[PDB]
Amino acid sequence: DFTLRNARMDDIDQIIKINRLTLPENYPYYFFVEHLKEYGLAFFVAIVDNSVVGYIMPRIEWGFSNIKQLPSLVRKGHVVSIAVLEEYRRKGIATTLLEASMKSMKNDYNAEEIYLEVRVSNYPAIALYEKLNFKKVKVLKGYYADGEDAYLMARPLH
């Protein structure tokens, strides 16, 4: 009962409201637009009833590796943001978004790994990443503004 496709500039508003509704980290419009162009092949939306109800926003970076079994310097895919509207959760959306984005990160921008930051209290997110074989590879102490820690979580791509 849903549909995956690459993000397009007319989704930006839907993407923004979802961001505003779901998350405390509320980037200005131009931030989504810029990533959408730079890394659009790996930028996906989830669609139900011709509405956007979930999105994933990537950045591709180059720098030091997060993971033991990778080389020192690497191309890495950074999940900057991912949200699904509360009404539509547990229906497999965030798993699919991550999978599409990873496949793209790998085959479109040559990522060797994909990492992210997640609040240590965000149990259902942590559960989703571990299920897709992300591992906790660092605890960022007092990472968020309120002072909450994050786990940096990461996973190689071959």
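C-alpha atoms forming the largest set that superposes within 1.5 Å between two forms make up the rigid core. We number the residues from 1 along the sequence you see.
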| property | result |
| --- | --- |
| More variable segment, 63-71 or 95-103 [Cα RMS over structures in 4 other deposited structures of this protein, core-superposed] | 63-71 |
| Selected stretch [higher average CA B-factor]: 23-31 or 97-105 | 23-31 |
| Mean C-alpha B-factor comparison - 49-57 and 64-72, higher one | 64-72 |
| Chain thirds of CA B-factor: placement of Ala111 | highest |
| Relative C-alpha B-factor of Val118, binned into the chain's lowest, middle or highest third | lowest |
| Ranked C-alpha temperature factor of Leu41 among modelled chain residues, by third | lowest |
| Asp146 by Cα B-factor - lowest, middle or highest third of the modelled chain | middle |
| Within-chain third of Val137 by Cα B-factor, per the entry | middle |
